[PDB]
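*Asks:* Structure incoming, see below.
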Amino acid sequence: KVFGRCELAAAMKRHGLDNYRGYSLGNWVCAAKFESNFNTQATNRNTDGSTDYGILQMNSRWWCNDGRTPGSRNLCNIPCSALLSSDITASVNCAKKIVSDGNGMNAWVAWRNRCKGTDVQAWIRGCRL
């Protein structure tokens with residue numbers, strides 16, 4: 001499913017992401033925009049053989065099991081296909097584990113490179129939340 005900007009914001013808020021670990025809603029929406037273009041079905045394979053899945057592009061080497069990443073840790077205890085669902089619940093629960101991992105949102109390279117230090121509030125402007 002390809003979410004609309006305000007639709008995703010509303011779903012993320014309802015799921016407890018607004019200000020989770022100090023990160024305002026605009027941060028999460030900006031990250032999803034640049035990680036997957038708001039598409040739950042996005043996948044991207046990496047040079048090391050691992051693959052990133054979903055709206056927030058979580059890596060199969062640490063977060064989920066895709067059955068083809070030797071040495072994968074599966075810290076969110078879910079098959080990677082779960083992250084591609086139209087229901088963002090699994091993606092949200094896993095994201096909460098990741099952001100609490102110590103590096104905060106820097107775990108998402110697109111966030112670090114294109115959201116961090118910008119007017120992230122712009123991402124939720126105009127939305128009825």
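Each chain of the structure tokens is named A, B, ... in the order shown, its residues numbered from 1; ligands are numbered from 1 in display order.
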Would you list the contacts of residue A:72 as a list in words, taking every protein, DNA or RNA residue within 10 Å and counting only C-alpha atoms, but skipping same-chain residues closer than 2 positions in sequence?
*Replies:*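 The neighbour list is residues 50, 59, 60, 61, 62, 63, 64, 65, 66, 67, 68, 69, 70, 74 and 75 of chain A.
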*Asks:* From the DSSP assignment of the backbone, select every residue of stretch 1-105 of chain A that is alpha helix (DSSP H), and format the answer as a ChimeraX atom specification.
*Replies:* /A:5-14,25-36,89-99
*Asks:* Excluding stretch 7-21 of chain A and residues on its chain fewer than 6 positions from it, collect all residues at most 12 Å away from it, counting only C-alpha atoms, and give them as a VMD selection string.
*Replies:* chain A and resid 1 27 to 33 37 to 40 55 to 56 86 to 105 121 to 129
